[PDB]
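In this analysis, Cβ positions are derived from the backbone assuming ideal geometry, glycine residues included, and neighbour counts consider all displayed protein chains. Just so it is clear, none of the values below were taken in a lab; they were calculated from the coordinates.
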Amino acid sequence: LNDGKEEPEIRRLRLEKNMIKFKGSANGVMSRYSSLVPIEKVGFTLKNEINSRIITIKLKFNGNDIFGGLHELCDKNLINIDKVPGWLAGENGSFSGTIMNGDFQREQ
Amino acid sequence: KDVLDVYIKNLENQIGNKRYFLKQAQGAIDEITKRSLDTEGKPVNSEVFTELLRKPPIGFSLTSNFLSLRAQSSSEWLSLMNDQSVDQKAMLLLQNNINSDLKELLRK
Amino acid sequence: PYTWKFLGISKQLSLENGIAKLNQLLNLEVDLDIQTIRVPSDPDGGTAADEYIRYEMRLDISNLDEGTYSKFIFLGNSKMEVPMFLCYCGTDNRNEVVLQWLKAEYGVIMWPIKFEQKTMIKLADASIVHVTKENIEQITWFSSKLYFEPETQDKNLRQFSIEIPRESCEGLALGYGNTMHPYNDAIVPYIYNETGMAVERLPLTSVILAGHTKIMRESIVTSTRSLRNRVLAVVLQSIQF
Amino acid sequence: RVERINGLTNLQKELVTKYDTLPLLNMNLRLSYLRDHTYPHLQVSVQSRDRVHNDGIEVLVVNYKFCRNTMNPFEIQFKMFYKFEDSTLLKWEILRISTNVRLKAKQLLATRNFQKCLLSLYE
Amino acid sequence: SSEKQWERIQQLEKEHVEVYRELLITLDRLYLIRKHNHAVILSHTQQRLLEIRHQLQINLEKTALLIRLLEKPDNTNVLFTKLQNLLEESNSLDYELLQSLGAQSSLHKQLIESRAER
Amino acid sequence: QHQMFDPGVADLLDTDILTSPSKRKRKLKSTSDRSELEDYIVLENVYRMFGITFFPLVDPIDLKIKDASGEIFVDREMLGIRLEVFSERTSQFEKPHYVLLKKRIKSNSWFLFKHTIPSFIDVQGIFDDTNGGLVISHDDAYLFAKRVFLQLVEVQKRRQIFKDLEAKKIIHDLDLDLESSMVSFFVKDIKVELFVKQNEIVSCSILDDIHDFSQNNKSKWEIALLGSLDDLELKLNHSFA
């Protein structure tokens, strides 16, 4: 959040880090953003407990490839890779659901 | 690749040599400036400076970067330069039109 | 339903001096209110330079709709480098007529206004807050809905939203503790922590407080007929450089 | 920073650099998962290992010891030859068996498919 | 191909000369402070003469290896073949800069006489 | 030695790394490691020679810091299993299979997160059955792993024998389902449909019509084709005509 003064190699491996976090392989097993199975819509619902109070956040995404777009935003450095959870990265693909206790649960 | 491989290895070894030289050099600077326990400075004698003025792949690096930096910086100068000429000339012809127009207003 | 549009004013015109020539220009007489307000009364916001002067001017031949009800607001302050801005609502073209009079009369030059994402968040924080008769601040919670619209290759991600009901907003604000600007203070850091997403950096398009207002790129839409003072103060502070 | 890793890499830096999901290649870790997390009490050692580079064939003789019953562990020794390329086995031979299990295991070892023999001896 | 390593050197040579120059800058006044324990106050003109000497050292060293490579233009070192183009460009580019630098003065004089007229 | 440094400069500056590269190569960085990895992995081969093979694994997102020592740790343990079957048909191993397990946050018990096992092997049901579903011990994990491994071997064992029958021209062309449970083949001109459990044929059907293939002949053929798979090759060769 704090913040061209940069060199090639470390940037290359940063892009590789984003690649694997969104694709699972350094070579990027299937453009650099198109995913294996593109997803058009997903709806998530986080449920977390804070001070014995339950809090709901419901994210809704739309497009031709949600996770490819998020990958592009990561490349443009609008999103921090290390704080992207797996369910947001694309695992449990095609399943909208609720996440409780760090475990994905498909919507009924 | 071998000729470039061997040359990168020799120049990396020489770079490491120069890193150790700089590190031990600055260590000597620190220790002999600690011998300069006072914040003041000794007037660097002309005779001492005179005898420093009597005693003293590296060049390929020196040739390569003096020449390459002579390459793009020149093209940047003329390009930024010529870019200034074309549009300031455009101002000048617009300038002369207004002067020429206003010149007849003066006669009017 | 009550939309708004804001313009900047390059000189601290005394509108009362010139009301009559407007009236004959518009073929009607407009009201002109005067209020010296102290909007940022909280201690960290300040206790000086709060003395904004507010003007309410209206073109109400009638008040059956926004166009007839269309009311102008001028708010200015002498310490402000650009001293004053303007607000109006509705589709009525008499607004254009009065703007033309202003620019031709006072020799003043005017331009429209835009908002940044942080400006939008601050404005949304300013929208919820209310002050009691005892000069005490209070907050009314609404189900916030952040709504973004990014640009991505091949339209991979066209739009996405983050909806936050009243209970979640209140819980986040209380967890952060007693505070005055919850959206900036608590909610956005929580979103970033849970998703790594920087709401400030992301291409925000609208902030909707359900049943209360919609904050947008070029305009404000309001449930109430009028804008509370902190909204206008935030706008003015955003005009500057 | 950037690092080069291999089968000998310290697991800590493999983990710190872990942003993929592939198997951990830490080699003693795989060997331990095999040796004392799916085959505990199986004390095995390779006795000879020379490869005939001219023929390009590895030659192995590997000795096992099954020590669930430490009062009388039984042992066995496999000689074994594989192509060292294209991943193909040529032959394997049981050079040695402890007499305490010779008959009771011979019918199993008479069968091919070594996997069967070894893990069945274990169980 | 070999271009990867060639560019690795195209950056490592910038590093090499940067560091060689700061190494000279440490060496010279390390010797001076060796002569007197606290000779840290070398003057602006003294520093400038030292800088001039170091620039002359650039002259001598790059001349030295230019001699090494061109005195027997044998093209055995693939790097020398690239240094040929790298030398060609440096002196091919010069004429355009000289001419434009000359011409802009006349253009600005046209601007000045127009302003005086105005 | 040439003047790498001036003799008045080399008097102070250390020359040791130029006399020997060991002092410099000490920082930059062996033969034993490359040669001992040799025997350890050869033993690792010898351990993959068993088929059921635990292998390690981890999930990136589950890594955090302890906030006082500046040290990293993993929140949730993860176990990997590799499933190799010796293909006697080729004297090589088939492309392996993998199944991966994670620990619950509160319960301190495993749960099945990711796996490569095909859906016709209900790995989730096997896991829930093991120890009543409270899979904790590595012995319980190996029980689960052995169950899935035997279930895979029960597929490769059918595929190997059927491909062996095809290879020796005991049967004409054939088609297989993914798990090799339903199989169709022409023997010479007669064709047969089979449905097999692990190691055993449970139902049979003969489709072609031939002069000598009366219903009684058909019935006794179809009945004789049932039983263990090991005897199928023998009895089919005997019933060649």
Using the number of other C-beta atoms within 10 angstrom as an exposure proxy, rank B:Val86, C:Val188 with the fewest first.
B:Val86, C:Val188
In the neighbourhood of C:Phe6 defined by beta carbon distances under 10 Å, the net charge of the other residues (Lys, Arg +1; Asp, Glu -1) is +1
With +1 on the Cβ of every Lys and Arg and -1 on the Cβ of every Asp and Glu, the dipole magnitude of region F:30-241 about its Cα centre, in debye rounded to the nearest 20, is 240 debye
Förster radius 35 Å - calculated FRET efficiency between C:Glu151 and E:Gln57, Cβ distance, rounded to 0.05:
0.05
Please list, ordered by chain and number, the residues whose modelled amide H lies under 5 Å from the amide H of E:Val40; skip anything fewer than 5 residues away on the same chain.
B:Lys42
Per DSSP, loop trypsin sites (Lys or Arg not before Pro) in region F:179-236 with at most 16 further Cβ within 10 Å:
F:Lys188, F:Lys197
Nearest 10 degrees, 0 to 90: what angle lies between the long axis of helix C:229-239 and the longest principal axis of chain C (Cα atoms)?
90 degrees
Treat every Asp and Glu Cβ in the protein assembly as shown as -1 and every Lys and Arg Cβ as +1, leave all other atoms uncharged, and give the resulting dipole magnitude about the Cα centre to the nearest 20 debye.
1580 debye
Mind sorting F:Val74, F:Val85, D:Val101 by how few other Cβ atoms lie within 10 Å of their own Cβ, fewest first?
F:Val74, D:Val101, F:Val85
Can you compute the FRET efficiency between F:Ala224 and F:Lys163 using 1/(1 + (r/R0)^6), with r the Cβ-Cβ distance and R0 = 30 Å? Round to the nearest 0.05.
0.85
Zone residues, region C:48-62, relative to C:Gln237, backbone N less than 11 Å from point 7 Å out along Cα-to-Cβ
C:50
Cα-only Debye scattering, chain F: base-10 log of I(q)/I(0) at q = 0.08, 0.11, 0.17 Å⁻¹:
-0.56, -0.81, -1.23
Exposed trypsin sites (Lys or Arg not before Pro) absent: longest stretch of chain D, with sites in DSSP loops and at most 13 other Cβ within 10 Å deemed exposed
D:5-67
Just counting partner chain Cβ atoms within 10 Å, what average do the residues of peptide E:35-45 show around their Cβ?
6
Karplus-derived 3J(HN,Hα) from phi for region F:2-11 (6.51 cos²θ - 1.76 cosθ + 1.60, θ = phi - 60°), whole Hz, x at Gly and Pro, runs 5, 7, 4, 10, 4, x, x, 9, 5, 4
Can you list which of the chymotrypsin sites (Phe, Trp or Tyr not before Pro) found in region F:193-228 are DSSP loop residues with at most 14 other C-beta atoms within 10 Å?
F:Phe213
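Rounded to two decimals, what is Rg over Rh for chain E when you use alpha-carbon atoms and the Kirkwood radius? Walk me through the numbers on the way to the answer.
Numbers: Rg = 22.4 Å, Rh = 19.1 Å.
Ratio of gyration radius to Kirkwood radius: 1.17.
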Footprinting exposure proxy for A:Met100, A:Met19, B:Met91 (fewest neighbouring C-beta atoms within 10 Å first):
B:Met91, A:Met100, A:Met19
Rounded to one decimal in nm, the spacing of the 7 Å Cα→Cβ label points at F:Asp212 and A:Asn62 is 7.2 nm
Label-point separation in nm, C:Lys5 to E:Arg8, each point 7 Å along Cα→Cβ
6.2 nm
Helix C:117-128 against the longest principal axis of chain C: what's the angle in degrees, Cα atoms only, rounded to the nearest 10?
80 degrees
Sequence-distant or interchain residues sharing an amide H contact under 5 Å with C:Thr213, placed H: which?
C:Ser223
Taking Cα centroids, how far is region C:183-229 from region F:147-171 in Å?
63 Å
For region F:152-162, in residue order, the Karplus 3J(HN,Hα) values (coefficients 6.51, -1.76, 1.60; θ = phi - 60°; whole Hz; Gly and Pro = x) are 6, 5, 5, 8, 4, 5, 6, 4, 4, 5, 5
With no solvent and one point on each alpha carbon, what is the Debye value of log10 I(q)/I(0) for region C:8-52 at q = 0.21, 0.27, 0.32 Å⁻¹?
-0.82, -0.99, -1.08
Could you sort out which of E:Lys72/F:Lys29; A:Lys47/C:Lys214; C:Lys79/C:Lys114; B:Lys18/E:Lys72; D:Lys18/D:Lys83; F:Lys95/F:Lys168 sit more than 31 Å apart by Cα distance in this structure?
E:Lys72/F:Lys29; D:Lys18/D:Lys83
If you keep only loop residues by DSSP, which GluC sites (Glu not before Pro) in region E:17-115 have at most 11 other Cβ atoms within 10 Å of their Cβ?
E:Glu71
Anchor D:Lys79: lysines whose Cα lies under 22 Å away (excluding residues fewer than 8 positions away in-chain)
D:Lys65, D:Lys91, D:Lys104, D:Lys106, D:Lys116
Once you sort the root eigenvalues of the Cα gyration tensor of region F:74-215 as a ≥ b ≥ c, which label holds: rounded (a/c under 1.5), prolate (a/b larger than b/c) or oblate (the other case)?
prolate
Distance from region C:1-31 to region E:91-118 (C-alpha centre basis), Å
53 Å
With θ taken as phi - 60° and the coefficients 6.51, -1.76 and 1.60, list the Karplus ³J(HN,Hα) couplings across region E:48-54 in order, rounded to whole Hz; mark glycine and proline as x.
6, 4, 4, 4, 4, 4, 5
Inter-chain shielding metric for C:173-183, i.e. average beta-carbon neighbours from other chains within 10 angstrom, reads 1
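Would you kindly calculate the mean projected area, averaged across all directions, of the convex hull enclosing the Cα atoms of chain A, in square nanometres? Intermediate values should be presented prior to the final figure.
Numbers: hull surface 35.0 nm².
Mean shadow area of the hull around the Cα atoms is 8.8 nm².
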Mean projected area, convex hull of alpha-carbon positions in chain C, reported to one decimal in nm², is 15.3 nm²
Compute the separation of the alpha-carbon centres of region E:13-58 and region D:1-53 and state it in Å as a whole number.
53 Å
Exercise: per-residue mean of other protein chain Cβ atoms within 10 Å, F:91-103
2
Take the alpha carbon gyration tensor of region D:4-123, find the square roots of its eigenvalues, order them as a ≥ b ≥ c, and report rounded if a/c is under 1.5; if not, report prolate when a/b exceeds b/c, else oblate.
oblate
Taking amide H positions as placed 1.01 Å from N in the peptide plane, with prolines and chain starts having none, which residues 5 or more places from D:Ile94, or on another chain, fall under 5 Å of its amide H?
D:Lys79
Could you tell me the relative contact order of chain C? Use alpha-carbon pairs under 8 Å, at least six residues apart, and round to a whole percent.
22 percent
The protein assembly as shown: percent of C-alpha pairs farther apart than 51 Å?
54 percent
